[PDB]
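This report refers to the structure that appears directly beneath it.
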Amino acid sequence: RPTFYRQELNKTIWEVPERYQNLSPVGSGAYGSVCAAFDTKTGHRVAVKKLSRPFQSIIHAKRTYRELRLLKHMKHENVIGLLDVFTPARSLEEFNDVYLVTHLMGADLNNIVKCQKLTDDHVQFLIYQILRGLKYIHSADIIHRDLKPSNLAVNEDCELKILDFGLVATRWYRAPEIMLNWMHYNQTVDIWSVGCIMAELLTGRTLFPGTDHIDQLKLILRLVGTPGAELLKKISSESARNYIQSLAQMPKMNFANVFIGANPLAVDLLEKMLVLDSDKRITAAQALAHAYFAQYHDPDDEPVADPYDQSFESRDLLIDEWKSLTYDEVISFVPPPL
Ligand SMILES: Nc1c(C(=O)NCc2ccc(C(=O)N[C@@H](CCC3CCCCC3)C(=O)NCc3ccncc3)cc2)cnn1-c1ccccc1
C-alpha cells in the first residue's frame, strides 16, 4: 500500500499516492473533478478523476460501481482505459472516495471542429477509429448512448478515444427512435450519433441542432424524410405514431445535394448511418468494411471485447452493498503492463 499526500484543489480535497505529482485541474468542470498529473512510475502525463459523492445515494453508488466496472472492462486503443484506481481508505468501513486514473488526451473533437476545418483524410481516420472503438464496445453488448464531439478525445498524433464525461446538446446527436421514450432500440443508436458527428466534421455545422425533442425530430425528418408504412408499422407508441403521422409528409433528401462537394464515399456511408429504420442502419463492424475506410481497414486488427457481465444492471441493492461491490473491484484491479 503506497504513501498518500493531501492537497486542496479548487474547493476540493485530493488524497493521492506520491507516485502522482503536480496535480493541475483541467476542463473547468466540463470533465468533472479531474486533474492532469505526472505519473513518476511511467514518466507519462495522466488524468486523475475524483468521483463526486460516490455513495451519497443508492443511485450514486450504482453509478460509481457501473463506471468502475465499465472502465475495468475497456481494453482497446480507441476506448478510454483504466491505468489505476485507488482510495486512501485502508478498510471497507473507511471507504468513501474513489479516484480513477486514465491517459491524458490532448483535445476533444468539439474543440477540434469549432477551432479547425477538417480534411477528408482526417475525417476518414477519426471516423474509422470511432467505429473501431464502437465495434469493440458493441461486441460486449454495451451501448454508449451519449456519443457527441465532446465525448471523443484526440492526441496530436490524431489517435482517438471514446469516453463519456457524463453531465453541445446530447439531443443533437441522438437517434430518432430514442428521441420519444421507448425500448425498441439497438446498438445502432450509436451509429446515428457517428453519422451526425461525421456530418459536422465534413461541413463545420451541427447537422441537427434541435431546440428540444420535438424540434430535433422535425429537423431529422426534414433530411431523412417522414417514415413510410414499412417503418410506421413498427411504432408501438400510439402517441409517437400520432405525432409522426400528424406531420405533413416530407421526402428523403438526396444526401449528395446536402453534403455538396464531400467525397461521394463519405456521402454513401452517411446515407447508411442516417437511416430512420434502426433495423436497416449499418453496424460498426459493417461500416469498418465500407470503401470509405479502404486506406485504414484491417479485418485482423479490429478486435472484439471479452464478454461483460451487465447482470448487475437489473439489481436493486442498498448503498452499502453497491459500496462493498465497488470496494471489491478496487481491490481486485490489476494494472495494465508498463
Ligand atoms: N478530461 C480528460 C480525461 C479524464 O477526465 N479522464 C478520466 C476519465 C474517467 C472516466 C471516463 C469515462 O468515460 N467514464 C465512463 C465509463 C467508461 C465509458 C463506457 C462507455 C464507452 C466509453 C467509456 C462513465 O461511466 N462516465 C460517467 C457517466 C457516464 C454517463 N452518465 C453519467 C455518468 C472518462 C475519463 C482524460 N483526458 N482528458 C482530456 C484532457 C484534455 C482535453 C480533453 C480530454
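Each chain in the C-alpha cells gets a letter, A, B, ..., in the order shown, and its residues are numbered from 1; ligands are numbered from 1 in order too.
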
Non-local contacts of residue 41 of chain A (10 Å; only C-alpha atoms; under 6 positions in same chain excluded) as a list in words: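 Returned residues: residues 19, 20 and 338 of chain A.
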
Saved selection, atoms kept: C-alpha atoms, as a short mmCIF file (atom, residue, chain, number, x, y, z; two decimals), in the first residue's frame:
data_model
loop_
_atom_site.label_atom_id
_atom_site.label_comp_id
_atom_site.auth_asym_id
_atom_site.auth_seq_id
_atom_site.Cartn_x
_atom_site.Cartn_y
_atom_site.Cartn_z
CA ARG A 19 3.61 8.48 -7.47
CA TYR A 20 1.14 11.14 -8.90
CA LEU A 338 4.00 -0.54 -18.39
#

Polymer residues at most 8 Å from segment 261-277 of chain A, only C-alpha atoms, same-chain spacing of 2 or more positions, as a ChimeraX atom specification: /A:120,176-177,191-192,194-196,198-199,202,224,227,231,255-256,259,279-282,287,290-292

Could I get the residues of chain A with an atom no further than 6 Å from an atom of ligand 1, each paired with its nearest atom pair and that distance in Å to one decimal, using only C-alpha atoms and all ligand atoms, sorted by chain and residue number, as a tab-separated table?
residue	atom	partner	partner_atom_place_in_ligand_line	distance
A:31	CA	ligand 1	1 (N)	5.0
A:34	CA	ligand 1	5 (O)	5.5
A:47	CA	ligand 1	6 (N)	4.8
A:48	CA	ligand 1	7 (C)	5.9
A:49	CA	ligand 1	7 (C)	5.1
A:67	CA	ligand 1	25 (O)	3.6
A:70	CA	ligand 1	17 (C)	5.0
A:71	CA	ligand 1	17 (C)	4.8
A:79	CA	ligand 1	22 (C)	5.8
A:80	CA	ligand 1	23 (C)	5.6
A:100	CA	ligand 1	9 (C)	6.0
A:102	CA	ligand 1	6 (N)	5.2
A:103	CA	ligand 1	36 (C)	5.6
A:104	CA	ligand 1	37 (N)	3.8
A:105	CA	ligand 1	37 (N)	3.9
A:106	CA	ligand 1	41 (C)	4.8
A:107	CA	ligand 1	42 (C)	3.9
A:108	CA	ligand 1	43 (C)	4.7
A:144	CA	ligand 1	20 (C)	4.9
A:153	CA	ligand 1	43 (C)	5.5
A:162	CA	ligand 1	22 (C)	5.1
A:163	CA	ligand 1	13 (O)	3.7
A:164	CA	ligand 1	13 (O)	3.7
A:165	CA	ligand 1	26 (N)	5.3
A:166	CA	ligand 1	30 (C)	3.9

Written file, previous selection with C-alpha atoms, as a PDB file, in the first residue's frame:
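Everything below was put into selection.pdb:
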ATOM      1  CA  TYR A  31     -14.963  16.636 -17.271  1.00  0.00           C
ATOM      2  CA  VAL A  34     -10.231  15.920 -12.953  1.00  0.00           C
ATOM      3  CA  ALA A  47      -5.708  12.292 -15.805  1.00  0.00           C
ATOM      4  CA  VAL A  48      -6.957  11.649 -12.229  1.00  0.00           C
ATOM      5  CA  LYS A  49     -10.713  11.825 -11.649  1.00  0.00           C
ATOM      6  CA  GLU A  67     -18.331   3.455 -14.074  1.00  0.00           C
ATOM      7  CA  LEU A  70     -17.062  -0.279 -17.461  1.00  0.00           C
ATOM      8  CA  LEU A  71     -13.553   1.287 -17.102  1.00  0.00           C
ATOM      9  CA  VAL A  79     -11.692   3.387 -25.846  1.00  0.00           C
ATOM     10  CA  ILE A  80     -10.575   5.107 -22.628  1.00  0.00           C
ATOM     11  CA  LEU A 100      -9.734   6.840 -11.441  1.00  0.00           C
ATOM     12  CA  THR A 102      -6.551   7.316 -17.301  1.00  0.00           C
ATOM     13  CA  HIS A 103      -4.392   8.559 -20.173  1.00  0.00           C
ATOM     14  CA  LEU A 104      -4.470  12.368 -20.534  1.00  0.00           C
ATOM     15  CA  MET A 105      -5.936  13.181 -24.001  1.00  0.00           C
ATOM     16  CA  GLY A 106      -4.912  16.404 -25.870  1.00  0.00           C
ATOM     17  CA  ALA A 107      -8.262  17.861 -27.096  1.00  0.00           C
ATOM     18  CA  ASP A 108     -11.976  16.960 -27.570  1.00  0.00           C
ATOM     19  CA  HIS A 144     -22.602   4.281 -25.380  1.00  0.00           C
ATOM     20  CA  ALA A 153     -10.747  12.989 -27.474  1.00  0.00           C
ATOM     21  CA  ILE A 162     -14.209   7.230 -26.939  1.00  0.00           C
ATOM     22  CA  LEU A 163     -15.092   8.447 -23.401  1.00  0.00           C
ATOM     23  CA  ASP A 164     -18.207   9.560 -21.540  1.00  0.00           C
ATOM     24  CA  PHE A 165     -17.725  12.663 -19.372  1.00  0.00           C
ATOM     25  CA  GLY A 166     -21.405  12.364 -18.330  1.00  0.00           C
TER      26      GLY A 166
END

Those in segment 50-220 of chain A with strand (DSSP E or B) from DSSP, as a ChimeraX atom specification: /A:50,79,84-86,99-103,107-108,152-154,160-162

Could you write out that same residue set with N, CA, C and O atoms as a PDB file, in the first residue's frame?
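Writing the result to result26.pdb gives the following:
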ATOM      1  N   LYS A  50     -11.471  12.345  -9.402  1.00  0.00           N
ATOM      2  CA  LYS A  50     -12.095  12.064  -8.087  1.00  0.00           C
ATOM      3  C   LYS A  50     -13.609  12.040  -8.260  1.00  0.00           C
ATOM      4  O   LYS A  50     -14.199  13.078  -8.683  1.00  0.00           O
ATOM      5  N   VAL A  79     -10.762   3.218 -26.994  1.00  0.00           N
ATOM      6  CA  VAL A  79     -11.692   3.387 -25.846  1.00  0.00           C
ATOM      7  C   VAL A  79     -10.857   3.806 -24.638  1.00  0.00           C
ATOM      8  O   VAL A  79      -9.786   3.255 -24.465  1.00  0.00           O
ATOM      9  N   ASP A  84      -5.206   3.056 -13.408  1.00  0.00           N
ATOM     10  CA  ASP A  84      -5.166   2.863 -11.948  1.00  0.00           C
ATOM     11  C   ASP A  84      -6.532   3.240 -11.365  1.00  0.00           C
ATOM     12  O   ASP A  84      -7.246   4.094 -11.936  1.00  0.00           O
ATOM     13  N   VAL A  85      -6.822   2.679 -10.206  1.00  0.00           N
ATOM     14  CA  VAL A  85      -7.980   3.096  -9.386  1.00  0.00           C
ATOM     15  C   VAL A  85      -7.541   2.921  -7.945  1.00  0.00           C
ATOM     16  O   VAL A  85      -6.913   1.930  -7.677  1.00  0.00           O
ATOM     17  N   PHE A  86      -7.772   3.916  -7.120  1.00  0.00           N
ATOM     18  CA  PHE A  86      -7.292   3.878  -5.727  1.00  0.00           C
ATOM     19  C   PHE A  86      -8.306   4.596  -4.843  1.00  0.00           C
ATOM     20  O   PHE A  86      -9.122   5.453  -5.290  1.00  0.00           O
ATOM     21  N   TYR A  99     -10.844   7.247  -6.865  1.00  0.00           N
ATOM     22  CA  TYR A  99     -10.027   8.009  -7.833  1.00  0.00           C
ATOM     23  C   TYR A  99      -9.728   7.090  -8.995  1.00  0.00           C
ATOM     24  O   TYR A  99      -9.396   5.905  -8.775  1.00  0.00           O
ATOM     25  N   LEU A 100      -9.997   7.582 -10.197  1.00  0.00           N
ATOM     26  CA  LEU A 100      -9.734   6.840 -11.441  1.00  0.00           C
ATOM     27  C   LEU A 100      -8.604   7.565 -12.180  1.00  0.00           C
ATOM     28  O   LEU A 100      -8.671   8.805 -12.324  1.00  0.00           O
ATOM     29  N   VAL A 101      -7.653   6.779 -12.686  1.00  0.00           N
ATOM     30  CA  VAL A 101      -6.514   7.313 -13.483  1.00  0.00           C
ATOM     31  C   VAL A 101      -6.624   6.761 -14.893  1.00  0.00           C
ATOM     32  O   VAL A 101      -6.729   5.497 -15.053  1.00  0.00           O
ATOM     33  N   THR A 102      -6.542   7.662 -15.863  1.00  0.00           N
ATOM     34  CA  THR A 102      -6.551   7.316 -17.301  1.00  0.00           C
ATOM     35  C   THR A 102      -5.422   8.063 -17.990  1.00  0.00           C
ATOM     36  O   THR A 102      -4.842   9.005 -17.396  1.00  0.00           O
ATOM     37  N   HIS A 103      -5.180   7.711 -19.251  1.00  0.00           N
ATOM     38  CA  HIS A 103      -4.392   8.559 -20.173  1.00  0.00           C
ATOM     39  C   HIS A 103      -4.969   9.972 -20.152  1.00  0.00           C
ATOM     40  O   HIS A 103      -6.186  10.124 -19.943  1.00  0.00           O
ATOM     41  N   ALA A 107      -7.150  16.964 -26.706  1.00  0.00           N
ATOM     42  CA  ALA A 107      -8.262  17.861 -27.096  1.00  0.00           C
ATOM     43  C   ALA A 107      -9.515  17.031 -27.374  1.00  0.00           C
ATOM     44  O   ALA A 107      -9.369  15.885 -27.824  1.00  0.00           O
ATOM     45  N   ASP A 108     -10.702  17.590 -27.135  1.00  0.00           N
ATOM     46  CA  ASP A 108     -11.976  16.960 -27.570  1.00  0.00           C
ATOM     47  C   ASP A 108     -12.301  17.384 -29.006  1.00  0.00           C
ATOM     48  O   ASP A 108     -11.791  18.430 -29.508  1.00  0.00           O
ATOM     49  N   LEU A 152     -15.382  12.562 -27.345  1.00  0.00           N
ATOM     50  CA  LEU A 152     -14.319  11.988 -28.177  1.00  0.00           C
ATOM     51  C   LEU A 152     -13.105  12.870 -27.988  1.00  0.00           C
ATOM     52  O   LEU A 152     -13.235  14.115 -28.059  1.00  0.00           O
ATOM     53  N   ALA A 153     -11.974  12.241 -27.745  1.00  0.00           N
ATOM     54  CA  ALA A 153     -10.747  12.989 -27.474  1.00  0.00           C
ATOM     55  C   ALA A 153      -9.657  12.422 -28.364  1.00  0.00           C
ATOM     56  O   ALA A 153      -9.673  11.219 -28.657  1.00  0.00           O
ATOM     57  N   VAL A 154      -8.725  13.299 -28.719  1.00  0.00           N
ATOM     58  CA  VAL A 154      -7.736  13.063 -29.774  1.00  0.00           C
ATOM     59  C   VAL A 154      -6.415  13.573 -29.214  1.00  0.00           C
ATOM     60  O   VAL A 154      -6.432  14.523 -28.380  1.00  0.00           O
ATOM     61  N   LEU A 160      -7.551   8.575 -31.519  1.00  0.00           N
ATOM     62  CA  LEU A 160      -8.845   8.954 -30.920  1.00  0.00           C
ATOM     63  C   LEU A 160      -9.217   7.916 -29.844  1.00  0.00           C
ATOM     64  O   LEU A 160      -9.016   6.665 -30.062  1.00  0.00           O
ATOM     65  N   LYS A 161      -9.852   8.437 -28.750  1.00  0.00           N
ATOM     66  CA  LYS A 161     -10.507   7.551 -27.772  1.00  0.00           C
ATOM     67  C   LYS A 161     -11.947   8.014 -27.531  1.00  0.00           C
ATOM     68  O   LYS A 161     -12.237   9.218 -27.486  1.00  0.00           O
ATOM     69  N   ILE A 162     -12.808   7.035 -27.365  1.00  0.00           N
ATOM     70  CA  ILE A 162     -14.209   7.230 -26.939  1.00  0.00           C
ATOM     71  C   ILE A 162     -14.202   7.293 -25.405  1.00  0.00           C
ATOM     72  O   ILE A 162     -13.619   6.380 -24.776  1.00  0.00           O
TER      73      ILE A 162
END

For residue 98 of chain A, the nearest of the candidates A:10, A:246, A:211, A:33, counting only C-alpha atoms: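 That would be A:33, the residue with the smallest distance to residue 98 of chain A.
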
Residues of segment 138-240 of chain A in helix (DSSP H, G or I), written as a PyMOL selection string: chain A and resi 138-139+149-151+170-173+176-178+189-203+213-224+229-232+238-240

Atom CA of residue 300 of chain A to atom CA of residue 288 of chain A, distance in Å rounded to a single decimal: 11.8 Å

Residue neighbourhood segment 111-115 of chain A, 8 Å, only C-alpha atoms, exclusion window fewer than 2 positions, as a PyMOL selection string: chain A and resi 107-109+117-118+150+200-201+204

Mind writing the picked residues with N, CA and C atoms as a PDB file, in the first residue's frame?
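Below is the file that was written, again_34.pdb:
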ATOM      1  N   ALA A 107      -7.150  16.964 -26.706  1.00  0.00           N
ATOM      2  CA  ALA A 107      -8.262  17.861 -27.096  1.00  0.00           C
ATOM      3  C   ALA A 107      -9.515  17.031 -27.374  1.00  0.00           C
ATOM      4  N   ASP A 108     -10.702  17.590 -27.135  1.00  0.00           N
ATOM      5  CA  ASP A 108     -11.976  16.960 -27.570  1.00  0.00           C
ATOM      6  C   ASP A 108     -12.301  17.384 -29.006  1.00  0.00           C
ATOM      7  N   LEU A 109     -13.095  16.561 -29.684  1.00  0.00           N
ATOM      8  CA  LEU A 109     -13.435  16.787 -31.105  1.00  0.00           C
ATOM      9  C   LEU A 109     -14.300  18.055 -31.217  1.00  0.00           C
ATOM     10  N   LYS A 117     -11.159  23.559 -39.537  1.00  0.00           N
ATOM     11  CA  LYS A 117     -11.895  22.882 -40.647  1.00  0.00           C
ATOM     12  C   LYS A 117     -11.112  21.628 -41.064  1.00  0.00           C
ATOM     13  N   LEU A 118     -11.739  20.444 -41.038  1.00  0.00           N
ATOM     14  CA  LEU A 118     -11.045  19.129 -41.191  1.00  0.00           C
ATOM     15  C   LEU A 118     -10.990  18.700 -42.662  1.00  0.00           C
ATOM     16  N   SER A 150     -17.823  16.248 -27.840  1.00  0.00           N
ATOM     17  CA  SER A 150     -17.155  16.487 -26.533  1.00  0.00           C
ATOM     18  C   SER A 150     -16.810  15.165 -25.825  1.00  0.00           C
ATOM     19  N   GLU A 200     -20.855  16.838 -39.212  1.00  0.00           N
ATOM     20  CA  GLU A 200     -20.317  18.074 -38.579  1.00  0.00           C
ATOM     21  C   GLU A 200     -18.808  18.208 -38.857  1.00  0.00           C
ATOM     22  N   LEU A 201     -18.067  17.098 -38.865  1.00  0.00           N
ATOM     23  CA  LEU A 201     -16.614  17.119 -39.228  1.00  0.00           C
ATOM     24  C   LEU A 201     -16.463  17.535 -40.683  1.00  0.00           C
ATOM     25  N   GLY A 204     -18.556  21.494 -40.837  1.00  0.00           N
ATOM     26  CA  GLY A 204     -18.307  22.553 -39.844  1.00  0.00           C
ATOM     27  C   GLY A 204     -19.569  22.981 -39.100  1.00  0.00           C
TER      28      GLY A 204
END
